[PDB]
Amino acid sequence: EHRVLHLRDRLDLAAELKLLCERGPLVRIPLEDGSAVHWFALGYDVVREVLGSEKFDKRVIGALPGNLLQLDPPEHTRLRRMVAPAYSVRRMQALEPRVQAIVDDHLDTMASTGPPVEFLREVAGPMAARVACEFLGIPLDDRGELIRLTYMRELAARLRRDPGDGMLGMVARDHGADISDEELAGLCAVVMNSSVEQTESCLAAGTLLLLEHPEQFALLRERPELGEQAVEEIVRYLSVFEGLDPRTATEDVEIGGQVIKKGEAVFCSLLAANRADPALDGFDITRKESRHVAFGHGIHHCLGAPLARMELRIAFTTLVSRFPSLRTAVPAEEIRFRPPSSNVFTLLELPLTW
């Protein structure tokens, strides 16, 4: 439902979706059957206003333990507080060199296998999955099978008995009794499944985006210090996480000048908020600060953004440096993108040569 919020022209918005955004940053959508009233939050400020408000929950409208996205306060707060330290700046700094080496491992395989390569399946996917295992602290003997399968309750209970390194070891060590096997397995699942999906798509589609702007491909090679800026601009432009689960108002609340009634559901379009403003939409990695909501906002703000930002920075900076002659093996116009859907936005394959 609301398929219009996912209509794209390759990487850009479809004219049908652009026309919808012209109806204002907040659009009232009464269902034809009269069963409910829905809202589209299409603007940067409105999306942030909706997602920051405490007067919305994430009820199901007309469930896995450890899935933070399906919890509201106070239970959401309880679980997020236990896992949040795994993403501290000190955690990411200690992890960076090991992530760099994993990225280098996969670009080593790439340069040795020789061209061409299907970048999505053969590089981006394995890279994101391997970085995920390292962050989680998966034992090396389990990573091969854990990746192929994406068992979990079995893996979670065992690691919980003998806590090791990574996020799962930290949680089990500091909150052993407060988190169950199923909840710990759920934390690991979200990281290995949706998180990898979104990260691998940024790696692949982001590479294509850089290739379609060769002046910036080289610029990031000349000036690797733009990496952090480039990541923000890439996730903004891609918007692989296009739309969010509905937020239902728990009471009458005024948003963007209009009154959202209790019980009405609001659908935030990160795609539209990140891309609808033609002024300053061009892809430009020299932008020192991007206006985007690709990682969400509020209490549900992407808990893995620190890892995602670091992994993508390392991946893109090392890629342009080790493969300055990189190019699509087919005309970029022939790349296939997944048809509109609530699923993560991604291309179907990315054949590359160099």
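Residue positions are given as counts along the sequence shown, with the first one as 1.
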property	result
Deposited residues lacking coordinates between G62 and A63 (none, 1 to 3, 4 to 9, 10 or more)	4 to 9
Deposited but uncoordinated residues in the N193/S194 interval	none
Stretch with the higher entry mean CA B-factor, where the candidates are 176-184 and 151-159	151-159
Per the entry, higher mean C-alpha B factor between 135-143 and 237-245	135-143
Selection from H300, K288, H292, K58 [criterion: highest C-alpha temperature factor in the record]	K288
Identity of residue with top Cα B-factor, from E32, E49, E54, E311	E32
Third assignment of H2 from its chain's C-alpha B-factors	highest
Record-listed C-alpha B factor of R80: chain third	middle
Chain thirds of CA B-factor: placement of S321	highest
Chain-wide C-alpha B factor ranking for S201, given as lowest, middle or highest third	middle
For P126, the third of its chain into which the C-alpha B factor falls	lowest
